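Just below is one structure, and these are the notes that go with it.
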Amino acid sequence: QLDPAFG
Amino acid sequence: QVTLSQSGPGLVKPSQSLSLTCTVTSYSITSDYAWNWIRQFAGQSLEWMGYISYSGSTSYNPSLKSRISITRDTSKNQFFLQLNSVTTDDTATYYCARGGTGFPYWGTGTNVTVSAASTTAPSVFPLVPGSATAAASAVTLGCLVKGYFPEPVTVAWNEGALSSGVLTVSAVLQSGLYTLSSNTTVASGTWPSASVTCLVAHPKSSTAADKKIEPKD
Amino acid sequence: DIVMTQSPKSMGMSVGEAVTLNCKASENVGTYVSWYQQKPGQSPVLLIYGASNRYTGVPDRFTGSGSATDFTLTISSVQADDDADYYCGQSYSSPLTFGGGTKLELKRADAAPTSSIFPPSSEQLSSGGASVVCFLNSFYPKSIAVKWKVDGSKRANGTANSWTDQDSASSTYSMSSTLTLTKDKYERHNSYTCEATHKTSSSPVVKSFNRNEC
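Protein chains in written order, with the authors' numbering: chain P, 2 to 8; chain H, 1 to 217; chain L, 1 to 214.
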C-alpha cells in the first residue's frame, strides 16, 4: 500500500 | 523498528560534488517501500530530492534531474545520493526517508555546508558570576562558544547527566564565523561543591572540548 | 509540479484552545496529503496521512480532513507540548512537494525575566579579548530591549543578541546580549551595565558590575 507518487 | 542514519562530509567546496550515505536498520531496502532523499533549506522549506524503489527504480526531482544520482548497495542495505557541481545554494540539511504512506520514517538528518571557507574550531570560555550576585537557592553558570565555522556544535552538561534548566542559544554570524552560548541553572548547594562541565563538540573540526566551571577567586 | 500552499505563515494560541491549519493544492491530490510536526532541533514526524488518518501513537487531539485540493489539520486542544512547525505534503504526483509550513507559538501570561551578568573570563582576556554577556532568563513575551552602558554611556557597537526556542513546558523565552571588547578597551572602563526594557517592567531592569571588583 504505497502512495501513487512512489511508482 | 525501522531506523535510518545519514552520514557524509559536513563541508564541501563549490564545484565539488557531495555523497551521503543512508544506512537502514531493521528493514531490507529490497523488501518494499521507496527510499528517499529530502532536504530542508535554511528557511526550513523542504525539497524532495528523489528516491530509489525497492526494485532498482529511481525517480528524481526534475529541478535537479541533471546533478543528482541515487544508487544502492543491497548487500550492505544502504542507498546513496551524489549531487554534482554543488553551489553555495545547496547548503542544507539532507535527510533520508522511507516512502510509503507519506514519509513515516526519517533519519536524524545531517547538515551540509557548501563553502570554500576555512574550517575553524571554537574557542570556549566560562560564564561565571560576579561573586556579589548570590541568588542563594538558585545560581546560573554558562559556557560561551565562539569563533567556529561550519555549523553544528553540540553543547552538553555533565555529559547529559545534568539536562534540566538548560537554556542554549541559537547560532549567529559575526564577520564570517559562528558564536553561541549555553546557560544552565543549578542549586547553590551543588555548585561550589560538585563540578559542572560543559562538553563542546564541533564535528567537522573534530573537536570535543570540555570546560570546567570554577568559582570566582 | 503541484504547489501546496499553507495560508497562515505564523500563529499563536493559548492552552486549551483549538487550532485549524490549512493546506491547498494547485490541483487534485485526491487524499494523499500528510501532515508533519517538527519540534526544535528535531526531524519531521508524521502526524496524519491519507488526509485524515491519525498515525501510530499520535494523540487524539490531532485530526485531519479534506480532499482533492483543500485540506485542514485540527488540534482539539493545544498544549504547550505542541510547540513546533507544521508542514503538509502531497504524495499523489511524480515530484512530491510540501507546503511552506506554519509555525505555531503558544501564548501564556506575561513573565518578567531574571538577569545575570557575566564578566569576561580571565582565560579569554589572555587573547586580548573580553566578552561581557547579559542573560535574561525565562520571560514572556519575546519582545525585550537590551541597552549596554560603559561608565554610564551608551554603547551600541560590538553587541550580538540572541534568543532561545521557547520552552516546551512553561513557554517562556530566554535571550543573551553579548558585548565584545578588547582587553585594553575593557580595561579602560570600570563600570559595565546591562539595562533592559520589557512590558512586564514599568521601569528598566538593571544589572551591572565593576571591573576593579575582582
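Virtual Cβ for every residue (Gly too), placed ideally from N, Cα, C.
Reduced DSSP secondary structure (H/G/I, E/B, other) of residue i
{"i": "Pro203 (chain H)", "result": "helix"}
{"i": "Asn111 (chain H)", "result": "strand"}
{"i": "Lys142 (chain L)", "result": "coil"}
{"i": "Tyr27 (chain H)", "result": "coil"}
{"i": "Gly8 (chain P)", "result": "coil"}
{"i": "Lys107 (chain L)", "result": "strand"}
{"i": "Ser7 (chain H)", "result": "strand"}
{"i": "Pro104 (chain H)", "result": "strand"}
{"i": "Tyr192 (chain L)", "result": "strand"}
{"i": "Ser63 (chain H)", "result": "helix"}
{"i": "residue 275 (chain L)", "result": "Past the boundaries of the shown model lies residue 275 (chain L); chain L is included only from 1 to 214, so the question cannot be answered."}
{"i": "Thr197 (chain L)", "result": "strand"}
{"i": "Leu180 (chain H)", "result": "strand"}
{"i": "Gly56 (chain H)", "result": "coil"}
{"i": "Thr180 (chain L)", "result": "strand"}
{"i": "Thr69 (chain L)", "result": "coil"}
{"i": "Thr87 (chain H)", "result": "coil"}
{"i": "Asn158 (chain H)", "result": "helix"}
Option nearest residue i by Cα separation, candidates the options
{"i": "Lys149 (chain L)", "options": "L:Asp70, L:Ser168, L:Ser174 and L:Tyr186", "result": "L:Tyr186"}
{"i": "residue 220 (chain H)", "options": "H:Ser115, H:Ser123 and H:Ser31", "result": "Beyond the ends of chain H as shown, which are 1 and 217, falls residue 220 (chain H); an answer cannot be given."}
{"i": "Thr184 (chain H)", "options": "L:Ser191, L:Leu136 and L:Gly41", "result": "L:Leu136"}
{"i": "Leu173 (chain H)", "options": "H:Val166, H:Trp157, H:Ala156 and H:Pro150", "result": "H:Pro150"}
{"i": "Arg67 (chain H)", "options": "H:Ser53, H:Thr154 and H:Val86", "result": "H:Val86"}
{"i": "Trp106 (chain H)", "options": "L:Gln6, L:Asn22 and L:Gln37", "result": "L:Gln37"}
{"i": "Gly189 (chain H)", "options": "H:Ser181, H:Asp73, H:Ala135 and H:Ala201", "result": "H:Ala135"}
{"i": "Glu27 (chain L)", "options": "L:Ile2, L:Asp165 and L:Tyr173", "result": "L:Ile2"}
{"i": "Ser168 (chain L)", "options": "L:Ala84, L:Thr69 and L:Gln6", "result": "L:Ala84"}
{"i": "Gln90 (chain L)", "options": "H:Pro9, H:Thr154 and H:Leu46", "result": "H:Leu46"}
{"i": "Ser127 (chain L)", "options": "L:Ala18, L:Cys214, L:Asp184 and L:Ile48", "result": "L:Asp184"}
{"i": "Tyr192 (chain L)", "options": "L:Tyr140, L:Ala109 and L:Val132", "result": "L:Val132"}
{"i": "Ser201 (chain L)", "options": "L:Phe139, L:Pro8 and L:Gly129", "result": "L:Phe139"}
{"i": "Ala187 (chain H)", "options": "H:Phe80, H:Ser137, H:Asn158 and H:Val153", "result": "H:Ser137"}
{"i": "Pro40 (chain L)", "options": "L:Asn212, L:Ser67, L:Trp163 and L:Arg211", "result": "L:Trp163"}
{"i": "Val196 (chain H)", "options": "H:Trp157, H:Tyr51, H:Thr119 and H:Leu18", "result": "H:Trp157"}
{"i": "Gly158 (chain L)", "options": "L:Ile144, L:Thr172 and L:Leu181", "result": "L:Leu181"}
{"i": "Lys65 (chain H)", "options": "H:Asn77, H:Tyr51 and H:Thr74", "result": "H:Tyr51"}
{"i": "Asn53 (chain L)", "options": "L:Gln42, L:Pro44 and L:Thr72", "result": "L:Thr72"}
{"i": "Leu179 (chain L)", "options": "L:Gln42, L:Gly129 and L:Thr172", "result": "L:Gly129"}
{"i": "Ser28 (chain H)", "options": "H:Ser55, H:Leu83 and H:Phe103", "result": "H:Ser55"}
CB contact check: residue i to chain P, cutoff 8 Å
{"i": "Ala117 (chain H)", "result": "no"}
{"i": "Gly100 (chain H)", "result": "yes"}
{"i": "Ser53 (chain H)", "result": "yes"}
{"i": "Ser59 (chain H)", "result": "yes"}
Exposure of residue i, with buried meaning 16 or more beta-carbon neighbours within 10 Å
{"i": "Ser57 (chain H)", "result": "exposed"}
{"i": "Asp151 (chain L)", "result": "exposed"}
{"i": "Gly16 (chain L)", "result": "exposed"}
{"i": "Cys88 (chain L)", "result": "buried"}
{"i": "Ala161 (chain H)", "result": "exposed"}
{"i": "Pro14 (chain H)", "result": "exposed"}
{"i": "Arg188 (chain L)", "result": "exposed"}
{"i": "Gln16 (chain H)", "result": "exposed"}
{"i": "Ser164 (chain H)", "result": "exposed"}
{"i": "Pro113 (chain L)", "result": "buried"}
{"i": "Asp4 (chain P)", "result": "buried"}
{"i": "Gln124 (chain L)", "result": "buried"}
{"i": "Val206 (chain L)", "result": "exposed"}
Neighbour flag for residue i against chain H, beta carbons, 8 Å
{"i": "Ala160 (chain L)", "result": "yes"}
{"i": "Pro204 (chain L)", "result": "no"}
{"i": "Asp85 (chain L)", "result": "yes"}
{"i": "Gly64 (chain L)", "result": "no"}
{"i": "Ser67 (chain L)", "result": "no"}
{"i": "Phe71 (chain L)", "result": "no"}
Minimum Cβ-Cβ distance from residue i to chain L less than 8 Å
{"i": "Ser5 (chain H)", "result": "no"}
{"i": "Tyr95 (chain H)", "result": "yes"}
{"i": "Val196 (chain H)", "result": "no"}
{"i": "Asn77 (chain H)", "result": "no"}
{"i": "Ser205 (chain H)", "result": "no"}
{"i": "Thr140 (chain H)", "result": "yes"}
{"i": "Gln174 (chain H)", "result": "yes"}
{"i": "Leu177 (chain H)", "result": "no"}
{"i": "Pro129 (chain H)", "result": "yes"}
{"i": "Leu144 (chain H)", "result": "yes"}
Distance cut-off 7 Å: residue i Cβ against heavy atoms of the ligand FMN
{"i": "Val58 (chain L)", "result": "No copy of the ligand FMN appears in this structure; indeed no ligand is present at all."}
Chain B within 8 Å of residue i, Cβ atoms only
{"i": "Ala209 (chain H)", "result": "Absent from the structure is chain B; the protein chains it does hold are P, H and L."}
query = According to a CB-to-CB cut-off of less than 9 Å, which residues of the stretch 88-119 of chain L neighbour chain P?
reply = For the stretch 88-119 of chain L, the set of residues with a beta-carbon nearer than 9 Å to any beta-carbon of chain P comprises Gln90, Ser91, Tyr92, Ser93, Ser94, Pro95 and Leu96, in chain order.
ask   = What are the residues of the stretch 5-36 of chain L that lie near chain P, defined by any Cβ-Cβ distance shorter than 7 Å?
value = Result list: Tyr32.
query = Of all the residues that make up the stretch 164-197 of chain L, which are near chain H by a beta-carbon distance shorter than 9 Å?
reply = Residues passing the 9 Å Cβ filter: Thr164, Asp165, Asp167, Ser174, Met175, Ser176, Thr178 and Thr180.
inquiry  = Which residues of the stretch 121-142 of chain L have a Cβ closer than 7 Å to any Cβ of chain H? Give them in chain order.
reply    = Within the stretch 121-142 of chain L, the residues whose Cβ lies closer than 7 Å to any Cβ of chain H are, in chain order, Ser121, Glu123, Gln124, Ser131, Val133, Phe135 and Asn137.
ask   = Taking a cut of 7 Å between CB atoms, which residues from the stretch 21-48 of chain H lie near chain L?
value = Residues of the stretch 21-48 of chain H with a C-beta atom less than 7 Å from some C-beta of chain L are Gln44, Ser45, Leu46 and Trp48, listed in chain order.
key: Under 7 Å (Cβ pairs) to chain H, residues found in the stretch 45-56 of chain L   = Among the residues of the stretch 45-56 of chain L, those with a Cβ less than 7 Å away from any Cβ of chain H are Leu46, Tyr49, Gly50 and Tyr55, in the order of the chain.
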